[PDB]
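Here the structure comes first, spelled out in structure tokens, and everything after it is commentary.
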Amino acid sequence: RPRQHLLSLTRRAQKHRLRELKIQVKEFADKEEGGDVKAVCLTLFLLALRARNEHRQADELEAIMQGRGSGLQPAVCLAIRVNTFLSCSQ
Amino acid sequence: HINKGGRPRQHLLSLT
DNA sequence: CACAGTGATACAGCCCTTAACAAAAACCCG
DNA sequence: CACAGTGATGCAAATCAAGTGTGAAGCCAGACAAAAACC
């Protein structure tokens with residue numbers, strides 16, 4: 001049988017296709033950087049997204065890594081709501 | 001072996 | 001010299017790729 | 001029986017801080033083993 005799409009694969013059944021690539025990730029990041037793996041697949045996906053030219057999802061991944069920018073101050077929502085002539089119902 | 005130096009390998013999160 | 005829009009259009013600037021040279025700092029030890 | 005605002009008020013409902021010590025669950029290990037959609 002021919003294979004199917006990689007993101008349609010579940011949490012389990014994508015192992016026989018990435019079991020090979022993971023180990024040359026592991027050994028390279030051990031002998032080069034010092035042992036980090038999440039960091040060296042983080043920055044590779046950053047480079048893939050930026051050669052892909054999708055900087056918005058890159059900065060959203062930066063948002064999931066660092067502290068979230070969810071939540072504005074009530075002062076800046078007040079400044080927005082009164083400076084763009086918004087109503088309170090709108 | 002002799003140590004030949006270099007700029008030390010910074011951690012990949014602290015590179016550009 | 002009122003001034004903060006009102007939207008479409010145009011263009012520019014900044015950021016990826018190739019691959020090879022370059023200005024330059026960080027330690028090693030003769 | 002026009003209908004979507006217009007904002008303050010006030011009541012209800014939802015969340016949460018906290019103790020510490022539990023349960024529930026995802027998942028690592030490599031390997032062993034059936035469903036199944038094509039030739």
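How things are named: the first chain in the structure tokens is A, the next is B, and so on; residues count from 1 in each chain; ligands count from 1 in the order shown.
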
Item to complete: Would you list the contacts of region 4-7 of chain C as a PyMOL selection string, taking every protein, DNA or RNA residue within 12 Å and counting only C-alpha atoms (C1' of nucleotides), but skipping same-chain residues closer than 2 positions in sequence?
Response: (chain A and resi 83-84) or (chain C and resi 2+9)

Output as a Markdown table one row per residue of chain B within 12 Å of region 6-29 of chain A: the closest atom pair and its distance in Å to one decimal place, counting only C-alpha atoms, sorted by chain and residue number ascending.
| residue | atom | partner | partner_atom | distance |
| --- | --- | --- | --- | --- |
| B:9 | CA | A:29 | CA | 12.0 |
| B:11 | CA | A:29 | CA | 10.5 |
| B:12 | CA | A:29 | CA | 9.5 |

Keeping N, CA, C and O atoms for every residue in the selection just given, could you write it to a file as a PDB file, in the first residue's frame?
ATOM      1  N   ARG B   9      31.712  27.910  21.419  1.00  0.00           N
ATOM      2  CA  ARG B   9      30.415  27.545  20.862  1.00  0.00           C
ATOM      3  C   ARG B   9      29.294  28.024  21.770  1.00  0.00           C
ATOM      4  O   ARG B   9      28.987  27.383  22.782  1.00  0.00           O
ATOM      5  N   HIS B  11      25.400  28.731  22.835  1.00  0.00           N
ATOM      6  CA  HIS B  11      24.243  27.852  22.750  1.00  0.00           C
ATOM      7  C   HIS B  11      23.268  28.378  21.709  1.00  0.00           C
ATOM      8  O   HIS B  11      23.048  29.587  21.605  1.00  0.00           O
ATOM      9  N   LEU B  12      22.657  27.445  20.967  1.00  0.00           N
ATOM     10  CA  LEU B  12      21.962  27.738  19.714  1.00  0.00           C
ATOM     11  C   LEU B  12      20.787  28.694  19.876  1.00  0.00           C
ATOM     12  O   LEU B  12      20.429  29.386  18.918  1.00  0.00           O
TER      13      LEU B  12
END

Item to complete: Excluding region 13-16 of chain B and any residue of its chain fewer than 3 positions from it, enumerate the residues within 9 Å of it, using only C-alpha atoms (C1' of nucleotides), and give them as JSON, numbers by chain.
Response: {"A": [39, 40, 43], "B": [10]}

Discussion item. So that I can check the surroundings of residue 3 (chain B), please list as a ChimeraX atom specification every protein, DNA and RNA residue that reaches within 10 Å of it, counting only C-alpha atoms (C1' of nucleotides) and ignoring chain neighbours fewer than 5 positions away.
Written reply: /C:27-29

File dump, residues just selected, N, CA and C atoms (P, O5', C5', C4', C3', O3' and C1' of nucleotides), as a compact mmCIF listing (two decimals), in the first residue's frame:
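Done, and the output landed in again12.txt:
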# COMPACT_ATOMS: atom_id res chain seq x y z
P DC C 27 36.32 33.99 25.50
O5' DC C 27 37.89 33.71 25.37
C5' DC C 27 38.50 32.66 26.13
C4' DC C 27 39.17 31.66 25.21
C3' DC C 27 40.55 31.17 25.66
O3' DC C 27 40.70 29.80 25.31
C1' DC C 27 40.73 32.08 23.53
P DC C 28 41.67 28.83 26.16
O5' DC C 28 42.29 27.86 25.05
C5' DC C 28 42.86 28.41 23.87
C4' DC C 28 44.08 27.62 23.46
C3' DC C 28 45.09 27.40 24.57
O3' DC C 28 45.96 26.33 24.22
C1' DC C 28 45.88 29.07 23.08
P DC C 29 46.89 25.63 25.34
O5' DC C 29 48.36 26.09 24.94
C5' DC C 29 48.84 25.85 23.62
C4' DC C 29 49.91 26.86 23.24
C3' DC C 29 51.10 26.92 24.20
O3' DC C 29 52.31 26.95 23.46
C1' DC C 29 50.26 29.07 23.84

Worksheet item: Taking only C-alpha atoms (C1' of nucleotides) into account, which residues of chain C are within 9 Å of chain A, as a ChimeraX atom specification?
Response: /C:15-17

Using the selection just defined, write its residues with N, CA and C atoms (P, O5', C5', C4', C3', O3' and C1' of nucleotides) as a PDB file, in the first residue's frame.
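New file out_13.pdb:
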ATOM      1  P    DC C  15      15.308  43.135   7.629  1.00  0.00           P
ATOM      2  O5'  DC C  15      14.891  41.658   7.208  1.00  0.00           O
ATOM      3  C5'  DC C  15      13.546  41.243   7.352  1.00  0.00           C
ATOM      4  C4'  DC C  15      13.271  40.043   6.476  1.00  0.00           C
ATOM      5  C3'  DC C  15      14.390  38.998   6.462  1.00  0.00           C
ATOM      6  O3'  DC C  15      13.859  37.706   6.680  1.00  0.00           O
ATOM      7  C1'  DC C  15      13.793  39.592   4.267  1.00  0.00           C
ATOM      8  P    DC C  16      14.848  36.487   7.006  1.00  0.00           P
ATOM      9  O5'  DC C  16      15.036  35.767   5.603  1.00  0.00           O
ATOM     10  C5'  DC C  16      15.665  34.510   5.536  1.00  0.00           C
ATOM     11  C4'  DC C  16      15.008  33.669   4.468  1.00  0.00           C
ATOM     12  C3'  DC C  16      15.974  32.920   3.567  1.00  0.00           C
ATOM     13  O3'  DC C  16      15.994  31.575   3.961  1.00  0.00           O
ATOM     14  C1'  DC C  16      14.497  34.305   2.255  1.00  0.00           C
ATOM     15  P    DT C  17      17.359  30.743   3.946  1.00  0.00           P
ATOM     16  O5'  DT C  17      17.640  30.507   2.391  1.00  0.00           O
ATOM     17  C5'  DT C  17      16.777  29.669   1.626  1.00  0.00           C
ATOM     18  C4'  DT C  17      17.135  29.744   0.153  1.00  0.00           C
ATOM     19  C3'  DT C  17      18.616  29.574  -0.148  1.00  0.00           C
ATOM     20  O3'  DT C  17      18.906  28.206  -0.369  1.00  0.00           O
ATOM     21  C1'  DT C  17      17.644  31.373  -1.431  1.00  0.00           C
TER      22       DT C  17
END

Discussion item. I need the chain B residues near chain C as a PyMOL selection string; criterion: at most 7 Å, counting only C-alpha atoms (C1' of nucleotides).
Written reply: chain B and resi 3-8

Pull out every residue of chain A that has at least one atom within 9 Å of chain D, counting only C-alpha atoms (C1' of nucleotides), and report them as a PDB file with N, CA, C and O atoms, in the first residue's frame.
ATOM      1  N   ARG A   1       0.820  -1.206   0.000  1.00  0.00           N
ATOM      2  CA  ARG A   1       0.000   0.000   0.000  1.00  0.00           C
ATOM      3  C   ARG A   1       0.852   1.254   0.000  1.00  0.00           C
ATOM      4  O   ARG A   1       1.858   1.318   0.703  1.00  0.00           O
ATOM      5  N   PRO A   2       0.462   2.245  -0.795  1.00  0.00           N
ATOM      6  CA  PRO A   2       1.118   3.553  -0.713  1.00  0.00           C
ATOM      7  C   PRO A   2       0.824   4.240   0.613  1.00  0.00           C
ATOM      8  O   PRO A   2      -0.182   3.980   1.275  1.00  0.00           O
ATOM      9  N   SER A  87     -18.142  52.541  20.154  1.00  0.00           N
ATOM     10  CA  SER A  87     -19.108  52.561  21.230  1.00  0.00           C
ATOM     11  C   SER A  87     -18.815  51.454  22.226  1.00  0.00           C
ATOM     12  O   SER A  87     -17.951  50.606  22.018  1.00  0.00           O
ATOM     13  N   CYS A  88     -19.560  51.459  23.323  1.00  0.00           N
ATOM     14  CA  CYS A  88     -19.373  50.400  24.296  1.00  0.00           C
ATOM     15  C   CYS A  88     -20.096  49.132  23.883  1.00  0.00           C
ATOM     16  O   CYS A  88     -19.648  48.036  24.226  1.00  0.00           O
ATOM     17  N   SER A  89     -21.179  49.240  23.121  1.00  0.00           N
ATOM     18  CA  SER A  89     -21.811  48.027  22.627  1.00  0.00           C
ATOM     19  C   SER A  89     -21.008  47.404  21.499  1.00  0.00           C
ATOM     20  O   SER A  89     -20.897  46.172  21.420  1.00  0.00           O
ATOM     21  N   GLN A  90     -20.425  48.235  20.636  1.00  0.00           N
ATOM     22  CA  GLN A  90     -19.585  47.722  19.565  1.00  0.00           C
ATOM     23  C   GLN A  90     -18.323  47.086  20.120  1.00  0.00           C
ATOM     24  O   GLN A  90     -17.930  45.999  19.681  1.00  0.00           O
TER      25      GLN A  90
END

Practice prompt. Please indicate the distance in Å from CA of residue 77 (chain A) to CA of residue 61 (chain A), rounded to one decimal place.
Written response: 24.7 Å

Quick check for you: according to DSSP on this backbone, which residues of chain A are classed as helix (DSSP H, G or I)? Reply as a PDB file with N, CA and C atoms, in the first residue's frame.
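Result written to out34.pdb:
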ATOM      1  N   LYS A  15       5.944   7.072  13.598  1.00  0.00           N
ATOM      2  CA  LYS A  15       7.256   6.763  14.151  1.00  0.00           C
ATOM      3  C   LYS A  15       8.152   6.031  13.164  1.00  0.00           C
ATOM      4  N   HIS A  16       7.589   5.148  12.333  1.00  0.00           N
ATOM      5  CA  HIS A  16       8.389   4.383  11.376  1.00  0.00           C
ATOM      6  C   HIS A  16       8.898   5.220  10.208  1.00  0.00           C
ATOM      7  N   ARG A  17       8.535   6.502  10.143  1.00  0.00           N
ATOM      8  CA  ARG A  17       8.997   7.407   9.109  1.00  0.00           C
ATOM      9  C   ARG A  17       9.947   8.476   9.622  1.00  0.00           C
ATOM     10  N   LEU A  18       9.997   8.709  10.935  1.00  0.00           N
ATOM     11  CA  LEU A  18      10.853   9.738  11.524  1.00  0.00           C
ATOM     12  C   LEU A  18      11.870   9.175  12.510  1.00  0.00           C
ATOM     13  N   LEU A  21      15.374   9.923  11.009  1.00  0.00           N
ATOM     14  CA  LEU A  21      15.880  11.297  10.972  1.00  0.00           C
ATOM     15  C   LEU A  21      16.182  11.814  12.374  1.00  0.00           C
ATOM     16  N   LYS A  22      15.444  11.321  13.382  1.00  0.00           N
ATOM     17  CA  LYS A  22      15.622  11.819  14.744  1.00  0.00           C
ATOM     18  C   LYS A  22      17.029  11.555  15.268  1.00  0.00           C
ATOM     19  N   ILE A  23      17.651  10.444  14.864  1.00  0.00           N
ATOM     20  CA  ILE A  23      18.922  10.092  15.488  1.00  0.00           C
ATOM     21  C   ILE A  23      20.064  10.939  14.930  1.00  0.00           C
ATOM     22  N   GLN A  24      20.003  11.333  13.658  1.00  0.00           N
ATOM     23  CA  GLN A  24      20.993  12.273  13.164  1.00  0.00           C
ATOM     24  C   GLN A  24      20.665  13.703  13.552  1.00  0.00           C
ATOM     25  N   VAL A  25      19.455  13.966  14.043  1.00  0.00           N
ATOM     26  CA  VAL A  25      19.262  15.195  14.808  1.00  0.00           C
ATOM     27  C   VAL A  25      19.991  15.101  16.146  1.00  0.00           C
ATOM     28  N   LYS A  26      19.802  13.971  16.845  1.00  0.00           N
ATOM     29  CA  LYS A  26      20.305  13.784  18.207  1.00  0.00           C
ATOM     30  C   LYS A  26      21.821  13.864  18.256  1.00  0.00           C
ATOM     31  N   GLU A  27      22.493  13.086  17.407  1.00  0.00           N
ATOM     32  CA  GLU A  27      23.947  12.993  17.464  1.00  0.00           C
ATOM     33  C   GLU A  27      24.622  14.282  17.010  1.00  0.00           C
ATOM     34  N   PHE A  28      24.034  14.986  16.036  1.00  0.00           N
ATOM     35  CA  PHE A  28      24.600  16.254  15.588  1.00  0.00           C
ATOM     36  C   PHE A  28      24.467  17.317  16.665  1.00  0.00           C
ATOM     37  N   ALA A  29      23.304  17.394  17.310  1.00  0.00           N
ATOM     38  CA  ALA A  29      23.130  18.408  18.338  1.00  0.00           C
ATOM     39  C   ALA A  29      23.895  18.063  19.605  1.00  0.00           C
ATOM     40  N   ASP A  30      24.199  16.782  19.814  1.00  0.00           N
ATOM     41  CA  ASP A  30      25.058  16.407  20.928  1.00  0.00           C
ATOM     42  C   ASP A  30      26.500  16.809  20.660  1.00  0.00           C
ATOM     43  N   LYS A  31      27.022  16.457  19.484  1.00  0.00           N
ATOM     44  CA  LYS A  31      28.427  16.712  19.201  1.00  0.00           C
ATOM     45  C   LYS A  31      28.707  18.158  18.808  1.00  0.00           C
ATOM     46  N   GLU A  32      27.684  18.943  18.473  1.00  0.00           N
ATOM     47  CA  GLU A  32      27.895  20.318  18.033  1.00  0.00           C
ATOM     48  C   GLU A  32      27.504  21.340  19.094  1.00  0.00           C
ATOM     49  N   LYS A  38      15.058  19.958  21.638  1.00  0.00           N
ATOM     50  CA  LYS A  38      13.930  20.853  21.415  1.00  0.00           C
ATOM     51  C   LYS A  38      14.392  22.179  20.826  1.00  0.00           C
ATOM     52  N   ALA A  39      15.543  22.686  21.279  1.00  0.00           N
ATOM     53  CA  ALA A  39      16.066  23.944  20.754  1.00  0.00           C
ATOM     54  C   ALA A  39      16.514  23.799  19.306  1.00  0.00           C
ATOM     55  N   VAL A  40      17.126  22.664  18.966  1.00  0.00           N
ATOM     56  CA  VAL A  40      17.666  22.497  17.622  1.00  0.00           C
ATOM     57  C   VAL A  40      16.624  22.024  16.622  1.00  0.00           C
ATOM     58  N   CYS A  41      15.446  21.603  17.068  1.00  0.00           N
ATOM     59  CA  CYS A  41      14.353  21.437  16.122  1.00  0.00           C
ATOM     60  C   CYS A  41      13.421  22.647  16.150  1.00  0.00           C
ATOM     61  N   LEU A  42      13.519  23.467  17.195  1.00  0.00           N
ATOM     62  CA  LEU A  42      12.872  24.769  17.230  1.00  0.00           C
ATOM     63  C   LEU A  42      13.481  25.704  16.197  1.00  0.00           C
ATOM     64  N   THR A  43      14.807  25.866  16.245  1.00  0.00           N
ATOM     65  CA  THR A  43      15.454  26.815  15.355  1.00  0.00           C
ATOM     66  C   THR A  43      15.462  26.334  13.915  1.00  0.00           C
ATOM     67  N   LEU A  44      15.413  25.023  13.682  1.00  0.00           N
ATOM     68  CA  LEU A  44      15.324  24.547  12.311  1.00  0.00           C
ATOM     69  C   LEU A  44      13.951  24.842  11.728  1.00  0.00           C
ATOM     70  N   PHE A  45      12.898  24.761  12.544  1.00  0.00           N
ATOM     71  CA  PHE A  45      11.579  25.118  12.038  1.00  0.00           C
ATOM     72  C   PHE A  45      11.431  26.621  11.870  1.00  0.00           C
ATOM     73  N   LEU A  46      12.116  27.412  12.705  1.00  0.00           N
ATOM     74  CA  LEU A  46      12.224  28.848  12.444  1.00  0.00           C
ATOM     75  C   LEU A  46      12.857  29.123  11.086  1.00  0.00           C
ATOM     76  N   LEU A  47      13.972  28.449  10.782  1.00  0.00           N
ATOM     77  CA  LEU A  47      14.637  28.659   9.500  1.00  0.00           C
ATOM     78  C   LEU A  47      13.784  28.169   8.338  1.00  0.00           C
ATOM     79  N   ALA A  48      13.039  27.079   8.540  1.00  0.00           N
ATOM     80  CA  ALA A  48      12.153  26.571   7.497  1.00  0.00           C
ATOM     81  C   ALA A  48      10.984  27.512   7.252  1.00  0.00           C
ATOM     82  N   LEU A  49      10.436  28.106   8.317  1.00  0.00           N
ATOM     83  CA  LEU A  49       9.345  29.062   8.164  1.00  0.00           C
ATOM     84  C   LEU A  49       9.811  30.351   7.512  1.00  0.00           C
ATOM     85  N   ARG A  50      11.056  30.758   7.759  1.00  0.00           N
ATOM     86  CA  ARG A  50      11.524  32.025   7.208  1.00  0.00           C
ATOM     87  C   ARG A  50      12.012  31.893   5.773  1.00  0.00           C
ATOM     88  N   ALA A  51      12.583  30.746   5.400  1.00  0.00           N
ATOM     89  CA  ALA A  51      12.775  30.471   3.981  1.00  0.00           C
ATOM     90  C   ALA A  51      11.442  30.237   3.288  1.00  0.00           C
ATOM     91  N   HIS A  55       6.568  34.665   8.326  1.00  0.00           N
ATOM     92  CA  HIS A  55       7.076  35.293   9.544  1.00  0.00           C
ATOM     93  C   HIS A  55       6.021  35.473  10.634  1.00  0.00           C
ATOM     94  N   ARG A  56       4.738  35.511  10.269  1.00  0.00           N
ATOM     95  CA  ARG A  56       3.677  35.652  11.261  1.00  0.00           C
ATOM     96  C   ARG A  56       3.589  34.420  12.152  1.00  0.00           C
ATOM     97  N   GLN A  57       3.613  33.226  11.552  1.00  0.00           N
ATOM     98  CA  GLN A  57       3.611  32.001  12.345  1.00  0.00           C
ATOM     99  C   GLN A  57       4.923  31.810  13.088  1.00  0.00           C
ATOM    100  N   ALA A  58       6.015  32.369  12.561  1.00  0.00           N
ATOM    101  CA  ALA A  58       7.284  32.372  13.282  1.00  0.00           C
ATOM    102  C   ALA A  58       7.194  33.205  14.554  1.00  0.00           C
ATOM    103  N   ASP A  59       6.582  34.385  14.471  1.00  0.00           N
ATOM    104  CA  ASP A  59       6.440  35.202  15.667  1.00  0.00           C
ATOM    105  C   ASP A  59       5.380  34.651  16.613  1.00  0.00           C
ATOM    106  N   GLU A  60       4.415  33.889  16.098  1.00  0.00           N
ATOM    107  CA  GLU A  60       3.484  33.209  16.998  1.00  0.00           C
ATOM    108  C   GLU A  60       4.136  32.022  17.704  1.00  0.00           C
ATOM    109  N   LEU A  61       5.075  31.342  17.044  1.00  0.00           N
ATOM    110  CA  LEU A  61       5.845  30.315  17.735  1.00  0.00           C
ATOM    111  C   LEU A  61       6.770  30.927  18.777  1.00  0.00           C
ATOM    112  N   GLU A  62       7.333  32.100  18.471  1.00  0.00           N
ATOM    113  CA  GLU A  62       8.083  32.862  19.465  1.00  0.00           C
ATOM    114  C   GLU A  62       7.180  33.261  20.630  1.00  0.00           C
ATOM    115  N   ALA A  63       5.904  33.533  20.347  1.00  0.00           N
ATOM    116  CA  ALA A  63       4.959  33.859  21.407  1.00  0.00           C
ATOM    117  C   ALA A  63       4.634  32.653  22.277  1.00  0.00           C
ATOM    118  N   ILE A  64       4.591  31.457  21.695  1.00  0.00           N
ATOM    119  CA  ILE A  64       4.351  30.270  22.514  1.00  0.00           C
ATOM    120  C   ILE A  64       5.599  29.929  23.330  1.00  0.00           C
ATOM    121  N   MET A  65       6.786  30.202  22.783  1.00  0.00           N
ATOM    122  CA  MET A  65       8.015  29.947  23.536  1.00  0.00           C
ATOM    123  C   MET A  65       8.177  30.924  24.695  1.00  0.00           C
ATOM    124  N   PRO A  74      -6.068  47.251  30.692  1.00  0.00           N
ATOM    125  CA  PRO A  74      -7.318  48.007  30.550  1.00  0.00           C
ATOM    126  C   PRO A  74      -7.108  49.450  30.131  1.00  0.00           C
ATOM    127  N   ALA A  75      -5.931  50.019  30.379  1.00  0.00           N
ATOM    128  CA  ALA A  75      -5.656  51.371  29.914  1.00  0.00           C
ATOM    129  C   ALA A  75      -5.540  51.431  28.399  1.00  0.00           C
ATOM    130  N   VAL A  76      -4.920  50.430  27.776  1.00  0.00           N
ATOM    131  CA  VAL A  76      -4.770  50.539  26.332  1.00  0.00           C
ATOM    132  C   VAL A  76      -6.052  50.151  25.623  1.00  0.00           C
ATOM    133  N   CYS A  77      -6.861  49.256  26.198  1.00  0.00           N
ATOM    134  CA  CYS A  77      -8.181  49.031  25.621  1.00  0.00           C
ATOM    135  C   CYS A  77      -9.072  50.244  25.779  1.00  0.00           C
ATOM    136  N   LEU A  78      -8.912  50.993  26.863  1.00  0.00           N
ATOM    137  CA  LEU A  78      -9.640  52.246  26.984  1.00  0.00           C
ATOM    138  C   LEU A  78      -9.192  53.253  25.936  1.00  0.00           C
ATOM    139  N   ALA A  79      -7.877  53.367  25.713  1.00  0.00           N
ATOM    140  CA  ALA A  79      -7.367  54.311  24.721  1.00  0.00           C
ATOM    141  C   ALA A  79      -7.816  53.938  23.321  1.00  0.00           C
ATOM    142  N   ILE A  80      -7.871  52.641  23.035  1.00  0.00           N
ATOM    143  CA  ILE A  80      -8.368  52.169  21.752  1.00  0.00           C
ATOM    144  C   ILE A  80      -9.853  52.460  21.614  1.00  0.00           C
ATOM    145  N   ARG A  81     -10.633  52.184  22.659  1.00  0.00           N
ATOM    146  CA  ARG A  81     -12.077  52.295  22.554  1.00  0.00           C
ATOM    147  C   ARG A  81     -12.530  53.736  22.475  1.00  0.00           C
ATOM    148  N   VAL A  82     -11.758  54.666  23.026  1.00  0.00           N
ATOM    149  CA  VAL A  82     -12.146  56.064  22.920  1.00  0.00           C
ATOM    150  C   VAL A  82     -11.449  56.798  21.786  1.00  0.00           C
ATOM    151  N   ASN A  83     -10.378  56.254  21.224  1.00  0.00           N
ATOM    152  CA  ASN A  83      -9.719  57.002  20.174  1.00  0.00           C
ATOM    153  C   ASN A  83     -10.112  56.567  18.780  1.00  0.00           C
TER     154      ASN A  83
END

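From CA of residue 5 (chain A) back to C1' of residue 35 (chain D), the distance works out to 19.3 Å.
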
Worksheet, complete the sentence: Atom pair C1' of residue 31 (chain D) + CA of residue 3 (chain A), distance 22.3 Å
